[PDB]
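Listed in order, the protein sequences are those of chains V, U, G, A, P, C, R and L. Read left to right, the first sequence gives residues 34 to 124 (the UniProt record's numbering). Read left to right, the second sequence gives residues 14 to 97 (the UniProt record's numbering). Read left to right, the third sequence gives residues 50 to 175 (the UniProt record's numbering). Read left to right, the fourth sequence gives residues 21 to 116 (the UniProt record's numbering). Read left to right, the fifth sequence gives residues 42 to 248 (the UniProt record's numbering). Read left to right, the sixth sequence gives residues 98 to 145 (the UniProt record's numbering). Read left to right, the seventh sequence gives residues 28 to 717 (the UniProt record's numbering). Read left to right, the eighth sequence gives residues 18 to 131 (the UniProt record's numbering). Note that the Cβ used here is the ideal one computed from N, Cα and C, for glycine as well. What follows is a short report on a single structure.
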Amino acid sequence: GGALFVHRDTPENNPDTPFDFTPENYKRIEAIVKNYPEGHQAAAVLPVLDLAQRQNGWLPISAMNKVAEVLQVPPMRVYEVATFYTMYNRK
Amino acid sequence: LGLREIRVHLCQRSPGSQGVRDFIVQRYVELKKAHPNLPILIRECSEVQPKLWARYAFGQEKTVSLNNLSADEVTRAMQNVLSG
Amino acid sequence: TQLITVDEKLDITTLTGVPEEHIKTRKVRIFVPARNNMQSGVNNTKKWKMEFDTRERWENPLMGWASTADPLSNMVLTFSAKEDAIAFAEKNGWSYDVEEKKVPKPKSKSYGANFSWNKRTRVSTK
Amino acid sequence: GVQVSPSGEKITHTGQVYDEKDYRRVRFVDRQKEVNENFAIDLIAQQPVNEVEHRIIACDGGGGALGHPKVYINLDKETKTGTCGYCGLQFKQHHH
Amino acid sequence: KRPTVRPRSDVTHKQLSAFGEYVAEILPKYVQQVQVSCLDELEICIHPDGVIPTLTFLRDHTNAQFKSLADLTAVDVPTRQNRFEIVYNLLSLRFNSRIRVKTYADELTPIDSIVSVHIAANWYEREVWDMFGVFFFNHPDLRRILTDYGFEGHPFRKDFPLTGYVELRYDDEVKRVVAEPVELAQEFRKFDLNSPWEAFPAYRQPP
Amino acid sequence: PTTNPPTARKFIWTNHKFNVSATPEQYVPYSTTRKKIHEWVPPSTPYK
Amino acid sequence: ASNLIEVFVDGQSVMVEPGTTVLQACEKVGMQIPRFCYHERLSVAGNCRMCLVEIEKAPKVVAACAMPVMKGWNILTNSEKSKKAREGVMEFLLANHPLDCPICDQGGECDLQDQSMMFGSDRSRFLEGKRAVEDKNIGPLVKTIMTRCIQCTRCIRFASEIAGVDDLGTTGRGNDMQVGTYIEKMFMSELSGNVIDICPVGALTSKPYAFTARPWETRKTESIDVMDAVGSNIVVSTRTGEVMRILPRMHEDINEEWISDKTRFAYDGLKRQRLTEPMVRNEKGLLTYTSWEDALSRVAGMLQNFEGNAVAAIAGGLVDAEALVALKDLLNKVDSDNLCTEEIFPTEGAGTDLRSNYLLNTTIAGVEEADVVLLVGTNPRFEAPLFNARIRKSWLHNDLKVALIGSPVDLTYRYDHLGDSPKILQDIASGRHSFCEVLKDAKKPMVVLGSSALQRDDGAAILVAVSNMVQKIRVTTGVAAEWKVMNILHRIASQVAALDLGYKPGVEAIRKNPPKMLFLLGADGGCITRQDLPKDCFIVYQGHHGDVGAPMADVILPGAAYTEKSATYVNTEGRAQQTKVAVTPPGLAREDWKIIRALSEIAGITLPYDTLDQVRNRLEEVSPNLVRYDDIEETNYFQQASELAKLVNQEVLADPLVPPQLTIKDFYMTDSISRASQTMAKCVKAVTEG
Amino acid sequence: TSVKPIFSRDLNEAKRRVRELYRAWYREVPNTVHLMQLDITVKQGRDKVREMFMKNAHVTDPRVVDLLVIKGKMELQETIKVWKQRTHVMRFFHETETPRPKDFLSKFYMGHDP
Ligand code: SF4
Ligand code: SF4
Ligand code: FES
Ligand SMILES: [Zn+2]
């Protein structure tokens, strides 16, 4: 239903959709990542993703992919989070 | 003569084949330097009676046992094969 | 009726009506059937089987069915151990190539390994 | 439909026909080759898509216990159409 | 009380177990592994040297009047070295009870006949011979009963193919019915049907 | 069937046929399958 | 005593190591507890909750897949609580499961069916409407039908822990949890078809095998794979004289339960571009159909009029030891010894005289004991996956540290990339490369070289440099004298047997002294060609496909395939493994050694052996390692080979040695059986497109 | 190495029985080529008897020999009495079975069978 849990590319929501973090968001991200041990930085996924949501208002696929790229995580490990938690707006 | 191959059969852990392993480690190197282009095959197996197969031209093979020898009997048999 | 000294190897070929062909030219296989990986059941990996060599199968021109001149194409015997099968084969005069039984090796397993501080067992898929 | 081959033999709905050089066509000499002229694929294609207003529809075929097991079909993908696995009926989300 | 399961009474179990003790302690020289089943059936296993004594005792003895030989069978189990499990199912009209006696044989290990006890066993022993290859002693006329007049083999042996080794037809050349090696238009299809999941844990074979 | 008639279906025949054995227009069996294994198509050119 | 502990299973006692689970103990006493999520090679996950048992004097039930066993615990497998837990879990699993069994390829071999019949109830009190899920599309090999997923996570854990993809997961939560990807993405790795095997409920199925059969019909023949040189154990399912699929076997030492997609999906080539009849040239120079008598007479004449150094043979990779030894005996009886392979191994030094120099002496199961691994000129991923899978298993559990001298690739695991040129070898040996520190502090290293690196002209130089490095490694670390550091990984099945049989590897001798009567047995790679041979050279080609060697032939003797014959194939370790007959060859095709013995009889020659046992007695004569089936023979003569090979004056070329299979689109089609498969073509067309 | 004997405590008594059986068959052949109206001579029948006897000449266990003699006496009964017709008697000669050659090469030309 409305919460489909799948993603079919569109012009508004595609990997080429223009998302990117602001130089302030990057420093906030650095701090967040610093709030966790040095080997475990894949735990900032939730705060960084909600941050992107705040900047952009919602979450397109490019946003998740960029979060992954930043944290060096597989993007599916971010798709799972986004789909699981409801505070994350994918429309 | 018409010798083409020498293929040595033996065991890895057995007394009878003890003469072939010593022979190998001490002289296979020098012998394969002397005859560089001659196959000298060692196919060591388990619970196999050691033998020396010398096959000459037109597919004709010989076989002389090596059970419970020293390395010197092995050397003499191998050189007898080589010479003919 | 006391005992008798036979002192030879058993041979039953002459009493089984089996033709020379299917005794001399037959290679039996003795084995424990391998588990089917489409399933995790291990109850068909217990009893030893005896299976014969496969022979020709040609389509029937009329319909297109599989034909054979091999009576033993579907012969399967079930034994509780390896020596029993070897004895049956020797007795009936067949040639056999045996295949040892494959038991999985015991494996260390821990649910905590999935959650580790420094090892690579740490999984990202709960 | 029932199309013929260069030899005149009719091609069944399985795509089967004997080659011109095949000797197995003597069985059809002074006799006929039985084919079914009603190809089920063309027929089930001739049927229309049944629209629905629910995202998940069931299909028992028809007649209840005279049809097939009841399966449920998802209709989220608005480009595609859901096809029963037993019958070939198609369904589409009306409101997309 | 439950409508699908089968009503079970222990009284028959006790009766048959007591009679089994009776038989075991009255024929120790032959009796092996008496046993009774969940379904009420008595099974007395013996050494083949005891066939005639056991059956004669069970026929003539007063507390055991099994004087009707219902059946006489064999069972090929190629695993064990003595394959054939010969079975004697019997009936007492005086006590309205049955009993089963079993022996074991081999291709080259014959047993004694019981036609001196039960004349019903002539044809049954001929059948066992024709089907499995077990030879009986002191049999009046031991020949084939069911197989063809020149048939080679014992078909009920598990090692014998279901379809046999030969096949018959008529040949105009010789003007006779002849036997040719088997050749089928459709080969029998062997279906592997055993489920790989243990089904009855009460019969589990410990390794 | 003049009062309780059958149900109408396209694929049903409109002309019943009797047993047509020992005639033409009879039934001859055949394989409804295609070739399983395909042979190599040798080239039309020589090695020269 | 050695930290074991006593535990009971319905009274019966058994001593189990600590950390052992309830399930493993119940197995140790022969009992198999139900399962839908535990697979014996994947991380534990207590999801299905079908493993539930009660512990004596314990209120609730534990998950036998995850609960370790404590002292004195009695495990009640067949008590009321356990039965009712199983029945409840079955009710729940089947509540939303679709009535698809008669269209589900998993029918007859479904764990859900059998566990419902053996452990669950026979009724449904679900009076509601089930759910449905829109099916994915993850490629041309795996068909996804996700109304049938019981969310066991096996696919996910397998992709992550064994394949190393990490592209599968669970989207959503609750009853609407959708296993799979969140985006359209083809899941085309080289260990993808095993997710089919570990999905118990037909959600993931083979598109090729779709609808083609049912498990009870199939007759199961135990054979091995030949696409690679690992010797993967397989079962060949047949249905009325026809191969229906390839299904793996279990061999904890080689292919525990896995096989490559090339191995299980390239059986569609045995149904295409096949040689079924002996062919011969007509006056016009075209290939026409003829008999066995005629072609064998032609070949026997041509053989009679030739002698040594004018005759020659070539093997191709899918060849069996029997054909190799028979052809060798034939050529020997006509005095030729130019028997060559298509794969280049260096005879410079000890060559094939010592098996230590062309085997995997640290057998595949030795990667589990190792601490450091060094890859030279290999992409073991695309070249011998199961070996790469074992290296990944070690990299996971035993913290193995990998390194690679070669072109940078993925490998599905992380590795220390040193360089590309082979001059890194001298620097690792003489003790100047960073890696030397690891190497010195290590305890059980193993170097492994790729035949691919030996195909370039500097194979002998690479080999001698690796020998130097291995010797100095053994000297520094202090190996135990039973640990083998030097290894060689082949990508060609018949190679090890050919080298054990005396074949002179490489086609250099042919180029050197070209023949007038060339034998071309299974060779369809294209090393030699008529532009390199005299004019009017009589070529006779054996084989089972018509890819390369048959077009250029004057006679064609159609042979058999691995699913069509019994044959010994030796793997990189020396483990002789026998194939078995599942089908007979098509048309007038025949066993290869049979063809060759008949050829001899037609000629004045006559080989002694009329049967297969005699051919294998001959094998025992030549090399007795070819008959010890499933066994591996230790070989301990590397010191001498190194003393000998320290005397060649060749140096490496400094060219960056890179492997031929650099991506997966260069993995699906490598031999004729693969190039003749429409399925592998579908795969390449999926990967190249995206 | 110790077993129960069926009839013969050694191979010589079994050979005595085998010879008795050979005599019986050799004496019977003519009566059954007369009665059954077989279209063969009396020499062919006795050659066939001898061939079927040699077919099991390799045996050394007296029990196998005793059982073979029992089977032979069963057949001789079926034949002395006319329980079996000329069909079953001529089954022995295999007048229609195309004789498979023992030449490796012919077996190679026709089929995959060894
Ligand atoms: S798709 Fe199959 S393997 Fe994956 S979680 Fe579902 S049932 Fe398990
Ligand atoms: S997975 Fe099993 S239970 Fe489900 S539809 Fe397929 S065969 Fe039936
Ligand atoms: S087997 Fe334990 S929860 Fe699945
Ligand atoms: Zn439907």
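Q: Using the Cα positions of A:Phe48 and A:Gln23, report the straight-line distance between them to the nearest angstrom.
A: Roughly 17 angstroms between the two C-alpha positions.
(Q) Since R:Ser669 and R:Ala293 should fall inside the 8 angstroms C-beta cutoff, what is the C-beta to C-beta distance between them, to a whole number of angstroms? (A) Going by Cβ atoms, the distance from R:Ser669 to R:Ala293 rounds to 39 angstroms, so no, they are not a contact pair.
Q: Would you list, in sequence order, the uninterrupted beta strand (DSSP E) runs of no fewer than 3 residues that lie entirely inside the stretch 116 to 171 of chain G?
A: Unbroken beta strand (DSSP E) runs of no fewer than 3 residues, entirely contained in the stretch 116 to 171 of chain G, are found at 125 to 128, 144 to 147, following chain order.
Q: Consider the C-beta atom of G:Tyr160 and the heavy atoms of ligand 3; say whether any pair is separated by less than 8 angstroms.
A: No; taking the cut-off as 8 angstroms, the Cβ of G:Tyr160 has no heavy atom of ligand 3 nearer than that.
Q.
Taking beta-carbon pairs under 8 angstroms, can you tell me which members of the stretch 82 to 111 of chain G lie near chain R?
A. Residues of the stretch 82 to 111 of chain G that bring their beta carbon within less than 8 angstroms of a beta carbon in chain R comprise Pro82, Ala83, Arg84, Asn85, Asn86, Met87, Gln88, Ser89, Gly90, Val91, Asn92, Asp102, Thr103, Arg104, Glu105, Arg106, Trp107, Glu108, in sequence order.
Q. What's the C-alpha gap between R:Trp510 and R:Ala456?
A. Taking the straight line from one Cα to the other gives about 19 angstroms.
Q: Go through its chain and collect everything with a Cβ distance to A:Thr103's Cβ below 6 angstroms, but skip five positions before and after it.
A: Result list for A:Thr103: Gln110, in chain order.
Q) Taking Cβ positions only, does P:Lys216 come closer than 9 angstroms to chain R? A) No, P:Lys216 does not count as interfacial toward chain R.
Q | Coarse secondary structure for V:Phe38, derived from DSSP in three states | A | It is coil, neither helix nor strand.
Q.
So with CB distances below 8 angstroms, who are the chain G contacts of R:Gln331?
A. Going along chain G, no residue has its Cβ under 8 angstroms from R:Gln331, so there is no contact; the nearest lies around 32 angstroms.
(Q) For the structure I just gave you, are there three or more beta carbon pairs, one from the stretch 185 to 199 of chain R and one from the stretch 59 to 70 of chain R, closer than 8 angstroms? (A) Look at the beta carbons and you see the stretch 185 to 199 of chain R touching the stretch 59 to 70 of chain R: at least three pairs across the two are nearer than 8 angstroms.
Q: Tell me whether R:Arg113 is buried or exposed, calling it buried when 16 or more other Cβ atoms sit within 10 Å of its Cβ.
A: With 16 or more Cβ atoms within 10 Å of its Cβ, R:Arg113 is classed as buried.
(Q) With a threshold of 8 angstroms (Cβ to nearest heavy atom), would R:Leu231 be considered close to ligand 1? (A) Yes, ligand 1 has a heavy atom inside 8 angstroms of this Cβ.
Q. How close, in whole Å, do the beta carbons of P:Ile87 and P:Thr150 come, if the pair is a contact with beta carbons under 8 angstroms?
A. Actually they do not touch by this definition, with Cβ atoms about 15 angstroms apart.
Q | Local Cβ density within 10 Å of U:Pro49, reported as buried at 16 or more and exposed below that | A | Under this definition U:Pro49 is an exposed residue.
Q | Host beta strand (DSSP E) of R:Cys226 (start-end) | A | Boundaries for R:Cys226: no beta strand (DSSP E) harbours it, and the DSSP string shows neither H nor E there.
Q: Can you grab the Cα-Cα spacing for the pair V:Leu104 / R:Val403, in whole Å?
A: The straight-line gap from Cα to Cα measures roughly 32 angstroms.
(Q) Does the contact criterion of 3 or more C-beta pairs under 8 angstroms hold for the stretch 143 to 152 of chain R versus the stretch 176 to 183 of chain R? (A) Put simply, the stretch 143 to 152 of chain R does not touch the stretch 176 to 183 of chain R. Fewer than three CB pairs are less than 8 angstroms apart.
**Q.** Contacts that C:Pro126 makes with chain G (C-beta to C-beta distance below 7 angstroms)
**A.** Those are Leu111, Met112, listed as they occur along chain G.
(Q) With a threshold of 8 angstroms, are at least 3 pairs of Cβ atoms found where one atom belongs to the stretch 343 to 360 of chain R and the other to the stretch 631 to 643 of chain R? (A) The answer is yes - the stretch 631 to 643 of chain R touches the stretch 343 to 360 of chain R, with three or more Cβ pairs under 8 angstroms.
Q: Starting from R:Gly57, follow its DSSP beta bridges and name the residues at the other end.
A: Within the DSSP bridge table, the entry for R:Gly57 names no partner.
Q: Check distances from the C-beta atoms of the stretch 71 to 92 of chain L to those of chain P and list, in chain order, the residues that come in under 8 angstroms.
A: Taken in chain order, the members of the stretch 71 to 92 of chain L whose beta-carbon sits within less than 8 angstroms of a beta-carbon on chain P are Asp78, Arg80, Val81, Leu84, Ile87, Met91, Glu92.
Q: Buried or exposed for C:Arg106, please, with buried defined as at least 16 other CB atoms from any protein chain shown within 10 angstroms of its CB.
A: Label assigned to C:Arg106: exposed.
Q.
Using 9 angstroms as the threshold, is the C-beta distance between U:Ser78 and U:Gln25 below it?
A. Not a contact, by the Cβ cut-off of 9 angstroms.
Q) Per the contact definition of three or more C-beta pairs closer than 8 angstroms, is the stretch 652 to 667 of chain R in contact with the stretch 511 to 527 of chain R? A) Yes, they touch.
Q. Is DSSP giving R:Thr265 helix, strand or coil here?
A. DSSP places R:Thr265 in the strand class (E or B) of the three-state scheme.
(Q) Give me the residue from R:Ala237, R:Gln688, R:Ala550 with the minimum Cα distance to R:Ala411. (A) The option with the nearest alpha carbon to R:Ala411 is R:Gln688.
Q. Is there a Cβ from chain C that is less than 9 angstroms from the Cβ of A:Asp62?
A. Output row for A:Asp62: interface = no.
Q.
For ligand 6, is there any heavy atom lying closer than 8 angstroms to the beta carbon of R:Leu653?
A. As far as ligands go, the structure on display features ligand 1, ligand 2, ligand 3 and ligand 4 and does not contain ligand 6.
Q: Using a Cβ-Cβ cut-off of less than 9 angstroms, give me the residues of the stretch 34 to 64 of chain V that come near chain R, in sequence order.
A: Flagged, chain order: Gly34, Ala36, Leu37, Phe38, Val39, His40, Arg41, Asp42, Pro48.
Q) With a cut-off of 9 angstroms, does the C-beta of R:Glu161 fall near any C-beta of chain B? A) Judged by its chain identifiers, the structure shown contains no chain B, and its protein chains are V, U, G, A, P, C, R and L.
Q.
Using a Cβ-based criterion (distance less than 8 angstroms to any ligand heavy atom), does A:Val91 qualify as near ligand 4?
A. Yes, the Cβ of A:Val91 comes within 8 angstroms of a heavy atom of ligand 4.
**Q.** Top-ranked residue by Cα proximity to G:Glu139, from G:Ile79, G:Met124, G:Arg84
**A.** Checking every option, the nearest Cα to that of G:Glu139 belongs to G:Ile79.
**Q.** Test: U:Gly72 CB closer than 9 angstroms to a CB of chain R
**A.** U:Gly72 counts as touching chain R.
(Q) The beta strand (DSSP E) that contains V:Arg61, what's its start and end? (A) Unbroken run through V:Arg61 is the alpha helix (DSSP H), 56 to 67; no beta strand (DSSP E).
Q. Along chain P, in chain order, which residues have C-beta atoms closer than 8 angstroms to that of residue 12 of chain L?
A. In the structure as shown, chain L begins at 18 and stops at 131. Residue 12 of chain L is therefore absent and cannot be evaluated.
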